Protein chains: 2
Amino acid sequence: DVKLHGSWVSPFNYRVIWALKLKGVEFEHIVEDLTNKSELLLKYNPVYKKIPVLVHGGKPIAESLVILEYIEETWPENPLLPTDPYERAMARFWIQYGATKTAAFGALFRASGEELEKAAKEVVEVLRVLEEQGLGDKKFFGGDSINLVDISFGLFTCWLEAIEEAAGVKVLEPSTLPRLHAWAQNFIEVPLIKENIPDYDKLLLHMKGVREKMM
Amino acid sequence: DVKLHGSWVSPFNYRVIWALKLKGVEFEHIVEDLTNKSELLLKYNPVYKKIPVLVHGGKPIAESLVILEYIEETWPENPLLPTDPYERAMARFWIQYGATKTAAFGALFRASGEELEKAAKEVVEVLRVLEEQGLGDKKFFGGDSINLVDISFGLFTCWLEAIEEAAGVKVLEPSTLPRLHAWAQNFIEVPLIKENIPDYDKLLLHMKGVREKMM
Ligand SMILES: N[C@@H](CCC(=O)N[C@@H](CS)C(=O)NCC(=O)O)C(=O)O
Ligand SMILES: N[C@@H](CCC(=O)N[C@@H](CS)C(=O)NCC(=O)O)C(=O)O
């Protein structure tokens, strides 16, 4: 009844895997080869031709952030958003902030030397705003358990770790971002996340390849 | 009880004016001078330092799309989103598509000659996808009356008209985009929109100035 056109490396696909598993929703995972996109992928997502694409009752939902809100509204038990409208607006605000700033991480795949150091310090500033104004002293962005905001920021854990290793730069460090680094460790230790993340060696090999092709 | 830090020209501010007026919410409009931002603006929106900023019960909400969803959740009567989760996901999908593609309109303020013609045809393609896959044969994106999707696309009416006149290019024409052009006329004729839009001559003079400074 639920299908997910995905991948074993895309952080955007993993957001959807986490939300479905948090809801206890049974689904078929269909791994797409992005060099040979399926007929169903192109039919279901003609606008972007990207994964993830959730298909529920034969009807498709593309874009990870749109899919997450659909899952939250369709399976409302064990909520991943707060009930208060102001708190919900803050969650949407931070999710949107991450989506706009995710482009600044692309410079870690292209820049070198004194330019890559500049890109890394700009990423640290992006993360510091998120840490200071978004996370604060909470264990998770969701408070005492993960919510859609933690899910939207999960790419700053093993995916960012792999990018740091592939590029030879440090971004999310305990000395510079103490609370955000503790959060990244706590997020990765949540059993649902621990049991549903790509193998680090494979992810690192993928990131090295992306940096290789993007110079 | 409700304050809006805004402007008399920003299309993003006008999205919020429309949603508040559709809800019958009383508000104070505080027009910001963006060359001399108020103490309250900088305190309420430290992340972007932009307008609009809604302040409700002394608590601020920045980013027009975040504000629109907050207004819809806070004042749920006379809904601006559908009830069905799949239809709500489609509305969010199209709003997101507009937000990502709004950057392609920036080239109409910078490019000239055979390059500006290229930017205009790329904008027509963006609008054609919206017309064919989003609007379809409905009178409005909201069906028989305007919703958050029409509000999010309202900048493609008099704001885009002013940009076309300032740049000397044509984008939203009846021959090329028949349904979207009829929608733009119908949107502007809705009494709530008609009574709450900037004066066209002032808006055109503003767009000419933006094109002048952005070459
Ligand atoms: N904004 C999209 C981004 C998804 C995305 O970039 N997907 C990539 C995989 S990580 C993709 O499908 N790329 C298509 C390709 O490489 O042709 C979302 O959040 O779902
Ligand atoms: N993404 C924001 C965009 C708002 C925006 O760009 N605001 C402009 C006015 S149209 C602004 O405040 N600019 C600040 C400046 O010029 O310093 C939204 O949707 O609210």
# chains A, B, ... in the order shown; residues from 1 in each chain; ligands from 1
call {"tool": "closest_atom_pairs", "arguments": {"of": "chain A", "to": "ligand 1", "cutoff": "10 Å", "atoms": "only C-alpha atoms and all ligand atoms", "output": "JSON lines"}}
result
{"residue": "A:5", "atom": "CA", "partner": "ligand 1", "partner_atom_place_in_ligand_line": "12 (O)", "distance": 9.4}
{"residue": "A:6", "atom": "CA", "partner": "ligand 1", "partner_atom_place_in_ligand_line": "12 (O)", "distance": 8.0}
{"residue": "A:7", "atom": "CA", "partner": "ligand 1", "partner_atom_place_in_ligand_line": "9 (C)", "distance": 7.5}
{"residue": "A:8", "atom": "CA", "partner": "ligand 1", "partner_atom_place_in_ligand_line": "10 (S)", "distance": 9.7}
{"residue": "A:9", "atom": "CA", "partner": "ligand 1", "partner_atom_place_in_ligand_line": "10 (S)", "distance": 7.3}
{"residue": "A:10", "atom": "CA", "partner": "ligand 1", "partner_atom_place_in_ligand_line": "10 (S)", "distance": 4.0}
{"residue": "A:11", "atom": "CA", "partner": "ligand 1", "partner_atom_place_in_ligand_line": "10 (S)", "distance": 6.2}
{"residue": "A:12", "atom": "CA", "partner": "ligand 1", "partner_atom_place_in_ligand_line": "19 (O)", "distance": 5.1}
{"residue": "A:13", "atom": "CA", "partner": "ligand 1", "partner_atom_place_in_ligand_line": "20 (O)", "distance": 6.9}
{"residue": "A:14", "atom": "CA", "partner": "ligand 1", "partner_atom_place_in_ligand_line": "10 (S)", "distance": 9.6}
{"residue": "A:15", "atom": "CA", "partner": "ligand 1", "partner_atom_place_in_ligand_line": "19 (O)", "distance": 8.7}
{"residue": "A:16", "atom": "CA", "partner": "ligand 1", "partner_atom_place_in_ligand_line": "20 (O)", "distance": 9.0}
{"residue": "A:32", "atom": "CA", "partner": "ligand 1", "partner_atom_place_in_ligand_line": "12 (O)", "distance": 8.5}
{"residue": "A:33", "atom": "CA", "partner": "ligand 1", "partner_atom_place_in_ligand_line": "17 (O)", "distance": 8.8}
{"residue": "A:34", "atom": "CA", "partner": "ligand 1", "partner_atom_place_in_ligand_line": "17 (O)", "distance": 5.0}
{"residue": "A:35", "atom": "CA", "partner": "ligand 1", "partner_atom_place_in_ligand_line": "17 (O)", "distance": 6.7}
{"residue": "A:36", "atom": "CA", "partner": "ligand 1", "partner_atom_place_in_ligand_line": "17 (O)", "distance": 8.9}
{"residue": "A:37", "atom": "CA", "partner": "ligand 1", "partner_atom_place_in_ligand_line": "17 (O)", "distance": 8.0}
{"residue": "A:41", "atom": "CA", "partner": "ligand 1", "partner_atom_place_in_ligand_line": "12 (O)", "distance": 9.6}
{"residue": "A:48", "atom": "CA", "partner": "ligand 1", "partner_atom_place_in_ligand_line": "14 (C)", "distance": 8.0}
{"residue": "A:49", "atom": "CA", "partner": "ligand 1", "partner_atom_place_in_ligand_line": "14 (C)", "distance": 6.5}
{"residue": "A:50", "atom": "CA", "partner": "ligand 1", "partner_atom_place_in_ligand_line": "12 (O)", "distance": 3.3}
{"residue": "A:51", "atom": "CA", "partner": "ligand 1", "partner_atom_place_in_ligand_line": "12 (O)", "distance": 3.9}
{"residue": "A:52", "atom": "CA", "partner": "ligand 1", "partner_atom_place_in_ligand_line": "20 (O)", "distance": 5.3}
{"residue": "A:53", "atom": "CA", "partner": "ligand 1", "partner_atom_place_in_ligand_line": "20 (O)", "distance": 7.6}
{"residue": "A:61", "atom": "CA", "partner": "ligand 1", "partner_atom_place_in_ligand_line": "20 (O)", "distance": 9.8}
{"residue": "A:62", "atom": "CA", "partner": "ligand 1", "partner_atom_place_in_ligand_line": "20 (O)", "distance": 6.5}
{"residue": "A:63", "atom": "CA", "partner": "ligand 1", "partner_atom_place_in_ligand_line": "20 (O)", "distance": 3.6}
{"residue": "A:64", "atom": "CA", "partner": "ligand 1", "partner_atom_place_in_ligand_line": "20 (O)", "distance": 3.8}
{"residue": "A:65", "atom": "CA", "partner": "ligand 1", "partner_atom_place_in_ligand_line": "19 (O)", "distance": 5.8}
{"residue": "A:66", "atom": "CA", "partner": "ligand 1", "partner_atom_place_in_ligand_line": "19 (O)", "distance": 8.1}
{"residue": "A:67", "atom": "CA", "partner": "ligand 1", "partner_atom_place_in_ligand_line": "20 (O)", "distance": 8.2}
{"residue": "A:68", "atom": "CA", "partner": "ligand 1", "partner_atom_place_in_ligand_line": "19 (O)", "distance": 9.8}
{"residue": "A:99", "atom": "CA", "partner": "ligand 1", "partner_atom_place_in_ligand_line": "1 (N)", "distance": 8.1}
{"residue": "A:102", "atom": "CA", "partner": "ligand 1", "partner_atom_place_in_ligand_line": "1 (N)", "distance": 10.0}
{"residue": "A:152", "atom": "CA", "partner": "ligand 1", "partner_atom_place_in_ligand_line": "19 (O)", "distance": 9.1}
call {"tool": "interface_residues", "arguments": {"of": "chain B", "to": "chain A", "cutoff": "7 Å", "atoms": "only C-alpha atoms", "output": "JSON, numbers by chain"}}
result
{"B": [66, 70, 73, 74, 85, 86, 89, 92, 93]}
call {"tool": "atom_distance", "arguments": {"atom1": "atom CA of residue 109 of chain A", "atom2": "atom CA of residue 123 of chain A"}}
result
12.6 Å
call {"tool": "residues_around", "arguments": {"residues": "residue 80 of chain B", "least_positions_apart": "6", "cutoff": "8 Å", "atoms": "only C-alpha atoms", "output": "PDB file with C-alpha atoms, in the first residue's frame"}}
result
ATOM      1  CA  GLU B  72      -4.125  29.140   8.851  1.00  0.00           C
ATOM      2  CA  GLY B 142      -7.771  26.778  -4.468  1.00  0.00           C
ATOM      3  CA  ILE B 146      -8.400  31.555  -3.472  1.00  0.00           C
ATOM      4  CA  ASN B 147      -6.257  29.556  -1.077  1.00  0.00           C
ATOM      5  CA  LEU B 148      -2.633  29.658   0.239  1.00  0.00           C
TER       6      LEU B 148
END
call {"tool": "select_by_dssp", "arguments": {"residues": "segment 17-106 of chain B", "states": "strand (DSSP E)", "output": "ChimeraX atom specification"}}
result
/B:28-31,53-56,59-62
call {"tool": "residues_around", "arguments": {"residues": "residue 191 of chain B", "least_positions_apart": "5", "cutoff": "12 Å", "atoms": "only C-alpha atoms", "output": "ChimeraX atom specification"}}
result
/B:18,21-22,145-146,186,196-197
call {"tool": "write_last_selection", "arguments": {"atoms": "N, CA and C atoms", "output": "mmCIF file, in the first residue's frame"}}
result
data_model
loop_
_atom_site.group_PDB
_atom_site.id
_atom_site.type_symbol
_atom_site.label_atom_id
_atom_site.label_comp_id
_atom_site.auth_asym_id
_atom_site.auth_seq_id
_atom_site.Cartn_x
_atom_site.Cartn_y
_atom_site.Cartn_z
ATOM 1 N N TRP B 18 -3.016 39.699 2.704
ATOM 2 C CA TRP B 18 -4.157 38.961 2.167
ATOM 3 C C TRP B 18 -4.682 37.895 3.124
ATOM 4 N N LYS B 21 -6.464 39.503 6.108
ATOM 5 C CA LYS B 21 -7.756 40.097 5.716
ATOM 6 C C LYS B 21 -8.784 39.026 5.404
ATOM 7 N N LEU B 22 -8.338 37.885 4.824
ATOM 8 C CA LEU B 22 -9.219 36.739 4.567
ATOM 9 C C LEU B 22 -9.723 36.095 5.864
ATOM 10 N N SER B 145 -12.378 29.301 -4.984
ATOM 11 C CA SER B 145 -11.956 30.500 -4.295
ATOM 12 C C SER B 145 -10.451 30.393 -3.985
ATOM 13 N N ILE B 146 -9.823 31.537 -3.706
ATOM 14 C CA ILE B 146 -8.400 31.555 -3.472
ATOM 15 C C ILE B 146 -7.984 30.821 -2.203
ATOM 16 N N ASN B 186 -8.323 36.892 -13.058
ATOM 17 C CA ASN B 186 -9.318 36.552 -12.044
ATOM 18 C C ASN B 186 -8.824 36.823 -10.629
ATOM 19 N N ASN B 196 -6.309 45.458 -1.975
ATOM 20 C CA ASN B 196 -5.084 45.299 -1.210
ATOM 21 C C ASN B 196 -3.901 44.945 -2.112
ATOM 22 N N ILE B 197 -3.580 45.844 -3.045
ATOM 23 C CA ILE B 197 -2.415 45.677 -3.898
ATOM 24 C C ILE B 197 -1.729 47.026 -3.973
#
call {"tool": "decode", "arguments": {"residues": "segment 62-88 of chain B", "atoms": "N, CA, C and O atoms", "output": "compact mmCIF listing (two decimals), in the first residue's frame"}}
result
# COMPACT_ATOMS: atom_id res chain seq x y z
N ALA B 62 8.69 34.96 11.46
CA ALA B 62 9.28 35.47 10.23
C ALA B 62 9.10 34.44 9.09
O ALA B 62 8.79 33.28 9.35
N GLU B 63 9.27 34.90 7.84
CA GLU B 63 9.18 34.16 6.58
C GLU B 63 7.73 34.01 6.17
O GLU B 63 6.97 33.31 6.82
N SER B 64 7.37 34.64 5.05
CA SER B 64 5.98 34.65 4.58
C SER B 64 5.34 33.28 4.53
O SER B 64 4.20 33.17 4.99
N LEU B 65 6.03 32.24 4.03
CA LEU B 65 5.36 30.93 3.98
C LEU B 65 5.10 30.34 5.36
O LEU B 65 4.09 29.64 5.55
N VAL B 66 6.01 30.60 6.31
CA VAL B 66 5.83 30.13 7.68
C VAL B 66 4.65 30.92 8.31
O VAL B 66 3.79 30.33 8.98
N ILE B 67 4.61 32.23 8.08
CA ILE B 67 3.53 33.08 8.61
C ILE B 67 2.18 32.62 8.07
O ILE B 67 1.25 32.49 8.85
N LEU B 68 2.09 32.34 6.77
CA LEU B 68 0.81 31.89 6.19
C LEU B 68 0.29 30.62 6.87
O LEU B 68 -0.90 30.55 7.17
N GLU B 69 1.17 29.63 7.11
CA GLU B 69 0.70 28.40 7.73
C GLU B 69 0.30 28.66 9.20
O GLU B 69 -0.67 28.08 9.66
N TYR B 70 1.01 29.57 9.88
CA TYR B 70 0.67 29.96 11.27
C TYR B 70 -0.71 30.61 11.32
O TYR B 70 -1.51 30.33 12.22
N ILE B 71 -1.00 31.49 10.36
CA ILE B 71 -2.31 32.17 10.31
C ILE B 71 -3.40 31.13 10.06
O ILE B 71 -4.43 31.15 10.73
N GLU B 72 -3.14 30.18 9.15
CA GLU B 72 -4.12 29.14 8.85
C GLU B 72 -4.42 28.25 10.07
O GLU B 72 -5.57 27.86 10.30
N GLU B 73 -3.39 27.94 10.87
CA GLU B 73 -3.58 27.10 12.04
C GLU B 73 -4.17 27.86 13.23
O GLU B 73 -4.91 27.28 14.01
N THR B 74 -3.83 29.15 13.36
CA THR B 74 -4.26 29.98 14.49
C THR B 74 -5.70 30.44 14.35
O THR B 74 -6.45 30.51 15.36
N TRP B 75 -6.08 30.82 13.11
CA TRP B 75 -7.45 31.23 12.78
C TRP B 75 -7.98 30.23 11.76
O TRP B 75 -7.97 30.49 10.55
N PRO B 76 -8.45 29.05 12.22
CA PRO B 76 -8.83 28.00 11.26
C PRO B 76 -10.12 28.23 10.49
O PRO B 76 -10.31 27.58 9.46
N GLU B 77 -11.01 29.12 10.96
CA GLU B 77 -12.25 29.39 10.22
C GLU B 77 -11.94 29.99 8.84
O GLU B 77 -10.91 30.66 8.69
N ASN B 78 -12.80 29.74 7.84
CA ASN B 78 -12.60 30.17 6.44
C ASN B 78 -11.21 29.66 5.96
O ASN B 78 -10.25 30.41 5.83
N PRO B 79 -11.12 28.33 5.87
CA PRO B 79 -9.82 27.72 5.59
C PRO B 79 -9.21 28.10 4.27
O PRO B 79 -9.89 28.27 3.26
N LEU B 80 -7.88 28.23 4.31
CA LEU B 80 -7.02 28.51 3.15
C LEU B 80 -6.18 27.30 2.71
O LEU B 80 -5.39 27.41 1.78
N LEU B 81 -6.44 26.12 3.30
CA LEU B 81 -5.86 24.87 2.85
C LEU B 81 -6.96 23.82 2.87
O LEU B 81 -7.88 23.89 3.70
N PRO B 82 -6.86 22.82 2.00
CA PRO B 82 -7.85 21.73 2.02
C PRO B 82 -7.71 20.85 3.27
O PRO B 82 -6.72 20.95 3.99
N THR B 83 -8.69 19.97 3.51
CA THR B 83 -8.64 19.09 4.69
C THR B 83 -7.92 17.77 4.38
O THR B 83 -7.25 17.20 5.25
N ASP B 84 -8.07 17.27 3.16
CA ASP B 84 -7.47 15.99 2.78
C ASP B 84 -5.95 16.06 2.79
O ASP B 84 -5.38 16.89 2.09
N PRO B 85 -5.25 15.13 3.48
CA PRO B 85 -3.78 15.19 3.50
C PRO B 85 -3.11 15.14 2.13
O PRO B 85 -2.12 15.86 1.94
N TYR B 86 -3.61 14.35 1.17
CA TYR B 86 -2.98 14.32 -0.16
C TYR B 86 -3.14 15.68 -0.84
O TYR B 86 -2.16 16.23 -1.35
N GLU B 87 -4.36 16.26 -0.80
CA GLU B 87 -4.57 17.60 -1.39
C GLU B 87 -3.71 18.64 -0.68
O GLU B 87 -3.18 19.53 -1.34
N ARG B 88 -3.52 18.51 0.68
CA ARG B 88 -2.66 19.47 1.40
C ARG B 88 -1.22 19.32 0.97
O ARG B 88 -0.52 20.33 0.83
